[PDB]
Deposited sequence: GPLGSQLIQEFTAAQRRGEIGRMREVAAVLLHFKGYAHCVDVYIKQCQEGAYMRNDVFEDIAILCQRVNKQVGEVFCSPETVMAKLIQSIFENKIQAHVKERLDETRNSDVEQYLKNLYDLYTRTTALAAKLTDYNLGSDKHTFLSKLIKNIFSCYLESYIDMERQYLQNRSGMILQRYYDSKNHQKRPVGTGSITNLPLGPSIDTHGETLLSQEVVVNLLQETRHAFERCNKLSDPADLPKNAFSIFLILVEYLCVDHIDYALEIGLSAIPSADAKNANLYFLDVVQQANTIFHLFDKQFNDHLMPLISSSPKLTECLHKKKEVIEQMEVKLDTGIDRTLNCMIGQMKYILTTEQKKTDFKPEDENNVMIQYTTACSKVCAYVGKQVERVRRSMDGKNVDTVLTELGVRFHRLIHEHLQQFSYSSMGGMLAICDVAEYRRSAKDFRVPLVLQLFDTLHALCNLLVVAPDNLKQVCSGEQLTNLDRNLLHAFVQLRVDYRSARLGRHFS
């Protein structure tokens, strides 16, 4: 019939000014007809008009819902259905308008600020939805809020991961270019030991990626959180690893003079030092930040495999470079020995007038060794420096060991050999590595063989420093004696 439902305008008047049960009476009448849905509707519009006048909209709607809750119980019979209508109106209108307002402007002017706003707006909305769930709305309310948040973020959170990666690729690219421009280095003799490894570029790349993970944690669907957080990681290993540090490792690998003369190749040891600190900053953000997001991954086993693979590819290159730098040093110590150690040193031309000291070949080497050891300590941190010295010291002991075996020794030449080793031992003591010192300790005892009289030869072999050594090793040194044939020293087949 002629619905004079425009007594709904009588309800509007009652709400305008004055607190009354007149709102209740008109509402109680209106539930008898279709139009009770419209009455509560205009009630929501009116109480919202004077509300939004604050800098913070999420506090404004929090105060709005509390004052409406105490009033709605006075006016309507089923406050729970009215209340759900309220917050739905707040979300579908006010919240969605405030989100579209913040994002449209910054979307085509500041992509990073867009991501930081989308993250902030989504966080405050969820925190707000947790405040609204405290009210006695119709249970299953949790699903109700979830649909409201989804209906105003579904398309923002859909194209999220693509904008996040497009941003990170571009921002990382700009950081790398800005660094290679400040060094006047176009991609693909340099006297400077330029490592091309910035501890600023890496820490700024990690700064950027860390923040991307945090946004990824809350803005990515939990079912796709692992695959999304790993997509971001692959961007890091493409710019930080492949493009920055792996590039500087190959560039630094070509500045090695290849075991020749005149080598100012302190360069690569500086590269090893920086790369190690970079690695410590790398896996630190990996364990603390990326791992909590990837822990629940279907194929986490393949995620850890690529992380390991990447960090081993460059681990090997560092091991190739430390090896090439070491035999460059061994190459020079060998050069000193061949050109400055003659036969007449251990096989003196005239037995009569010989002053026994360590050879000039010995001092030239020890002086060189010490000059390089110093450069190693000054170019590396305490942890990885002892592993390098150990290798150098082992190779150092190896060189002298085989060097001593290509000479014949007279009675007089014997002492000169010990004097050499004794000085070599002091040079090795400067390594501060027990292994190197102990290796020359056995070589020192070994030289004792080509000095003692033939009758006390098998006696000395029974000594504490020699007994626990292989008989073949004792034999190799006895053969170096000039009177190995002149005496019955062939009794070393036992």
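- In this chain the deposited sequence has one gap in the coordinates, at 189-203.
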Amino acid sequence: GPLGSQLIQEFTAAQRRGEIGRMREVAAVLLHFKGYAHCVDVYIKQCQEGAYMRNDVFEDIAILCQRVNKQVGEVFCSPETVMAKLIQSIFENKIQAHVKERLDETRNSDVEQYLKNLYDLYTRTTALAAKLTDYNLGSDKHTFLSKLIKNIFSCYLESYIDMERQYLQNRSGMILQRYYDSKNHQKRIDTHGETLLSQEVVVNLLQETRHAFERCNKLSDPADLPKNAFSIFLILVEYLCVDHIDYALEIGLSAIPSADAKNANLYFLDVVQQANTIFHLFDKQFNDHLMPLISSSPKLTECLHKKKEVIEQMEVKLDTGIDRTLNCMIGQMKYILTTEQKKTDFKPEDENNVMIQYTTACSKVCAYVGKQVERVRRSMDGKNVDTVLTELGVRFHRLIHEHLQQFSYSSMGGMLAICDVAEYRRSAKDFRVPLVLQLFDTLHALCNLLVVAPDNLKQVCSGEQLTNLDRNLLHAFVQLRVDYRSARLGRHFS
From here on, numbers count along this sequence of modelled residues.
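- As listed in the deposited structure, the average C-alpha B-factor of 103-111 and of 251-259 is greater for 251-259.
- Here 315-323 and 260-268 are compared by their mean Cα B-factor, and 260-268 comes out higher.
- Per the deposited coordinates, the residue with the largest Cα temperature factor out of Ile149, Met412, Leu197, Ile90 is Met412.
- Within the group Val436, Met53, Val42, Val29, the record's highest C-alpha temperature factor is found at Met53.
- Per-chain ranking of the deposited C-alpha B factor places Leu300 in the highest third.
- Sort the modelled residues of the chain by CA B factor and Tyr179 lands in the middle third.
- Sort the modelled residues of the chain by CA B factor and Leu449 lands in the lowest third.
- When the CA B factors of the chain's modelled residues are split into thirds, the value for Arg432 lands in the middle one.
- Annotation for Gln406: CA B-factor lies in the lowest third of the chain's modelled residues.
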